[PDB]
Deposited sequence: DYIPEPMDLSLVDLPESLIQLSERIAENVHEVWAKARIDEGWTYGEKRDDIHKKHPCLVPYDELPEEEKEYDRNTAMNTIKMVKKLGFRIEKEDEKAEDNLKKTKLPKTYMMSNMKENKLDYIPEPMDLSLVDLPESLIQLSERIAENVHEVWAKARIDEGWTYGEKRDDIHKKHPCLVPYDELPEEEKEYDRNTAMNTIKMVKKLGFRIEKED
């Protein structure tokens, strides 16, 4: 099995999609902070995994720039995937006082075309994961290094709901995704 992820190296994002990419990365930080603060986590300068302290539990603007890169690139890469498949994307606080306010996607409905788009994203994301690690000498050592088709529906439901949630964030942020 040789994973072949989509080549995004030639797609170029205009300013409106760069900004969309950054508001997505911002919202996934808030989702993460609400999730863990409700789990009983708090800010501390160094991170303790058993006393539930962590330093990124901060307003997004007070995160270090390196600390923002991972989500920004992931969000940007998903937008590029959507672009390379031929989809248009068009329209239409103090540290101690920080309460994360993630978007609510509970009621965002996705048409069937975008649900399958989400599935296509999840497949390629799994493909990027495999190649990266298969390039570093891994082998089936992980049992997820399989064709996306031959993954167990337990894990395939996870990747697909992650991509589905990004597509919902785009729609709640006022954008429209249409083929051609």
message: Comparing the deposited sequence against the modelled residues, what ranges come up empty for C-alpha?
response: 1, 94-116, 165-173, 214
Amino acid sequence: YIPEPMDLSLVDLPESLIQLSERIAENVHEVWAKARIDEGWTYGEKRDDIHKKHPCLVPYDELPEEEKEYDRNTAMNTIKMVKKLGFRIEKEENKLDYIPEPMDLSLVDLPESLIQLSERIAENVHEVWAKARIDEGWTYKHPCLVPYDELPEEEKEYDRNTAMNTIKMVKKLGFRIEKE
From here on, numbers count along this sequence of modelled residues.
query: Of 8-16 and 164-172, which one has the bigger average CA B-factor?
result: 8-16
statement: The stretch whose C-alpha atoms carry the larger average B-factor in the entry, 127-135 or 44-52, is 44-52
message: Looking at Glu26, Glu112, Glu154, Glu69, which one carries the largest C-alpha B-factor according to the PDB entry?
response: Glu154
query: For the listed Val108, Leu96, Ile89, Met76, which has the peak Cα B-factor recorded in the PDB entry?
result: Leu96
message: Ranking every modelled residue in this chain by its Cα temperature factor as given in the entry, which third contains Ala33?
response: middle
- request: Grab the CA temperature factor for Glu119 from the record and place it in the lowest, middle or highest third of its chain.
  value: lowest
